[PDB]
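Chemist: If you scroll down you'll find the structure; I have some questions about it.
Note: ideal-geometry Cβ built from the backbone for every residue, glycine included; neighbour counts use all protein chains shown. Where a number appears in this text, it was derived from the coordinates with a stated rule and is not lab data.
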Amino acid sequence: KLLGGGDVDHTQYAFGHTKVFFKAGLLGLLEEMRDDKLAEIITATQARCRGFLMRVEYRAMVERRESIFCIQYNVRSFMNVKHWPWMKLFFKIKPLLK
Amino acid sequence: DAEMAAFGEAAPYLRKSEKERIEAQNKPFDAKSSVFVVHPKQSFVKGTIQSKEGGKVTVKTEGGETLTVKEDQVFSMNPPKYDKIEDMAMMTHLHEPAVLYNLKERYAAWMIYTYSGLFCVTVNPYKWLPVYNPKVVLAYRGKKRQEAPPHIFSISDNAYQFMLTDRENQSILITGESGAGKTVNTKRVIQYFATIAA
Amino acid sequence: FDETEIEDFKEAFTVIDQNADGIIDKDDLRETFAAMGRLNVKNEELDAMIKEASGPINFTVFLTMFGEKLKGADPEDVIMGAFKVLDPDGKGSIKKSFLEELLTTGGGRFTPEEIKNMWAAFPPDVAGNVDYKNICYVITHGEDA
Amino acid sequence: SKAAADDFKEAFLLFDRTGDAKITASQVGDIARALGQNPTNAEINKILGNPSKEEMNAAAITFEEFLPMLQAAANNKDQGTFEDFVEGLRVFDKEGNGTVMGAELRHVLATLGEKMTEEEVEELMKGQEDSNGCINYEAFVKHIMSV
């Protein structure tokens, strides 16, 4: 199952009842070259992703922009108010209403 | 540990405690320097590479000795992960020395059965062991050689298995020099058959 | 200000204005407090409420005074909207340390000291950020319920 | 060149949190990606060190160093070929249909090579993988190259 991942030659090895078999040193050489070739291929494919990844973060950060404020200010009110006679009054009273 | 019970008493001669293992496989190792080497008196002894004469090698010893030997008088040494490997053929270092050395180590620990591919190496204890133990016999009963440690009943049971599974006849080829103690095994194999299917 | 919130302030203005002429004077404040059980309401409390206005407390002067004190007042449905976006899988009250980190690291209004004051009367669950909903209740209507 | 794109300087004012017109060396990797450049993180690391620049100690920046580093990274955009991206994932799963099993792509993107966090891996699979556990990488790589 493990070997499932990796940008590795799925050739170069071979499994059996007690162990896996693996090449080096030619096929070993091959792979290596290959390895570099994915950093390229990979390294480049990573980037965009990375890039792109944050590019979605900005779209969220931004959306959020106001919903925070709303939350921001909104709380502050209360902290000030909750101690105000008039507001406590409204409070006990707010229920008798319809 | 958990597994081993069947043997229990034999266990120590079949397998090692789960930390004895752990304490052995998980230890410091310096590949680039640690090596096996040729040796005029003793066949191959181990050492640490000191210098490099461009195609000559100077090595320290394990006993304390320094020799400058050819490039191919020098052989790598398996990572500790392969200490007393049940199947030397799983080693990533298929040398002459590493094989000698594996056998040797698991013997000094009183393990007489070590596999080397398909083989079932067996070393003369020269003393008594709970291995032929009437508990073991069962233990090895119905087990692939990967479900249990290196032992002759492994071979002997698998044969049987295989016998009924594949519907093919089987064979066991025992061989060694005059003092290797084959009769003993042979006999012991035979009892095995008689017991497990009489 | 949504229109039902302005109708709630119109109903509270009519319950404090017991002369029904449209202007809450100091006698209306004292007689509304006496009808709620305040027999010892001092005249200096009534004078401090009238000292927050520049003129008589009619309906638009009461609305502008409450507007200027409640410039971040949020109805319970929009506070639960934001808390459902913070817990987007529903049902669960969100962790204490998650609300402390997200208040600080997003905004200056979510700085810690203020977070200790949030935990301080908004109890544990509320403070912690685990429960939810009781804090929306007490932000729209104060004091312990 | 200007084509003098002065919007790179306006984007530097959106990434500098202090407003002093300097951007730390740790932000330069992600801001080159936000200007339309995908240099690998080892490449961003090398170049830095190559120039005896240590990203381990405090850093500041000036626009006069960030502009030529973006122009040195801009030649490497010829490495972004989509044939090799779709053929990489086509060799990663059997049969004639472009589907990676969910956890294969998530564990490979987090542990193979340049480590992507599992938070970023979940944000890149969110929407393209449905509840069958099969990611169609024909549309997945299409949407990854849409940003």
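Chemist: So for chain B, averaging the separation of alpha carbon pairs under 8 Å that are six or more residues apart and normalising by length, what relative contact order in percent results?
Modeler: Reported as a whole number, the value is 17 percent.
Chemist: What angle do you read, to the nearest 10 degrees and between 0 and 90, between the alpha-carbon axis of helix C:76-86 and the longest principal axis of chain C?
Modeler: The answer is roughly 10 degrees.
Chemist: Please average, across the residues of D:75-85, the number of beta carbons from any other chain that are within 10 Å of each residue's own beta carbon, and give a whole number.
Modeler: Going residue by residue through D:75-85 and averaging, the value is 3.
Chemist: Considering only Cα-Cα distances, which of the following residue pairs are longer than 19 Å: B:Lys104/B:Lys127; A:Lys98/C:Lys10; B:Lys27/B:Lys81; A:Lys98/C:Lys42; B:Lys19/B:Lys81?
Modeler: Checking Cα-Cα distances, A:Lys98/C:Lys42 exceed 19 Å.
Chemist: Could you work out the relative contact order of the range D:83-147? I mean the mean sequence separation of Cα pairs under 8 Å and 6+ apart, divided by the number of residues, in percent.
Modeler: 37 percent
Chemist: For the protein assembly as shown, with the dipole built from +1 on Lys and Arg beta-carbon atoms and -1 on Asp and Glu ones, taken about the Cα centre, which of D:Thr40, A:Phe15, C:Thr140 lies farthest toward the positive end?
Modeler: Ranked along the dipole, the leading option is A:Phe15.
Chemist: Moving on. What's the angle, to the nearest 10 degrees (0 to 90), between helix B:182-196's Cα axis and the longest principal axis of chain B?
Modeler: 40 degrees
Chemist: Please order C:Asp131, A:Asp36 by the number of other Cβ within 10 Å, starting at the fewest.
Modeler: Ascending Cβ contact count within 10 Å gives the list A:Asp36, C:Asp131.
Chemist: For the protein assembly as shown, what is the mean residue ellipticity at 222 nm derived from helices alone (per DSSP H run of n ≥ 4: -39500 (n - 2.57); sum divided by total residues; nearest 500 deg cm²/dmol)?
Modeler: -13500 deg cm²/dmol
Chemist: I want to verify a result. In a Gaussian network model of chain B, Cα cutoff 10 Å, which of these has the top mean-square fluctuation: B:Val59, B:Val131, B:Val184?
Modeler: Greatest mean-square fluctuation among the candidates belongs to B:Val184.
Chemist: Per residue of D:134-142, what is the mean number of Cβ atoms on other protein chains within 10 angstrom of that residue's Cβ?
Modeler: 0
Chemist: What order do you get for A:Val81, A:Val62, B:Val57 when you list them from fewest to most C-beta neighbours inside 10 Å?
Modeler: Taking fewest neighbouring Cβ atoms as first place, the list is A:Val62, A:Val81, B:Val57.
Chemist: Under the rule a/c < 1.5 gives rounded, and otherwise a/b versus b/c splits prolate from oblate, where does the range B:124-185 land using the Cα gyration tensor?
Modeler: Oblate, because a/c is 1.5 or more while a/b does not exceed b/c.
Chemist: Could you state the angle between the C-alpha long axis of helix B:152-166 and the longest principal axis of the C-alpha atoms of chain B, as a value from 0 to 90 degrees rounded to the nearest 10?
Modeler: Computed tilt is about 60 degrees.
Chemist: Right, something else. Work out, step by step, the length gained on full extension between B:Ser76 and B:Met163: first 0.36 nm times the residue separation, then minus their alpha carbon distance; give nm to one decimal.
Modeler: Gain in length upon complete extension: 27.3 nm.
Chemist: Determine the relative contact order of the range C:18-145: mean sequence separation of Cα pairs under 8 Å and six or more apart, normalised by residue count, in whole percent.
Modeler: Relative contact order, the range C:18-145: 20 percent.
Chemist: Now, a different point. For the pair C:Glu68/C:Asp47, report the inter-label distance in nm, with labels modelled 7 Å from Cα in the Cβ direction.
Modeler: Between C:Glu68 and C:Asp47, the simple spin-label model gives 2.1 nm.
Chemist: When chain C is treated as a GNM, springs tying every alpha-carbon pair under 10 Å, which of C:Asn58, C:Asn134, C:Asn43 comes out with the largest mean-square fluctuation?
Modeler: C:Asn43
Chemist: Measuring from label point to label point, each 7 Å out along Cα→Cβ, what is the B:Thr68 to D:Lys115 span in nm?
Modeler: 4.6 nm
Chemist: While we're looking at this one, here's another question. May I ask you to derive the FRET efficiency for B:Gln25 and D:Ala60 from their Cβ-Cβ distance with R0 = 60 Å, giving the value to the nearest 0.05? Write out the running numbers ahead of the final one.
Modeler: Working: r = 49 Å, r/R0 = 0.81.
E between B:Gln25 and D:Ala60, to the nearest 0.05, is 0.75.
Chemist: Using the Cα centre of the protein assembly as shown as the reference point, and only Cβ charges (+1 on K/R, -1 on D/E), how large is the resulting charge dipole? Debye, rounded to the nearest 20. Write down the numbers at each step before the final one.
Modeler: On the way: 72 positive and 89 negative charges, 702 e Å.
That gives the protein assembly as shown a dipole magnitude of about 3380 debye.
Chemist: Considering every residue in A:60-71, what mean count of other chain Cβ atoms within 10 Å of its Cβ is obtained?
Modeler: Counting Cβ atoms of other protein chains within 10 Å of each residue's Cβ and averaging gives 3.
Chemist: I would also like to ask the following. Treat the count of other C-beta atoms within 10 Å as a stand-in for reagent exposure and order C:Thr32, C:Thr104 from fewest to most.
Modeler: C:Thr104, C:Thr32
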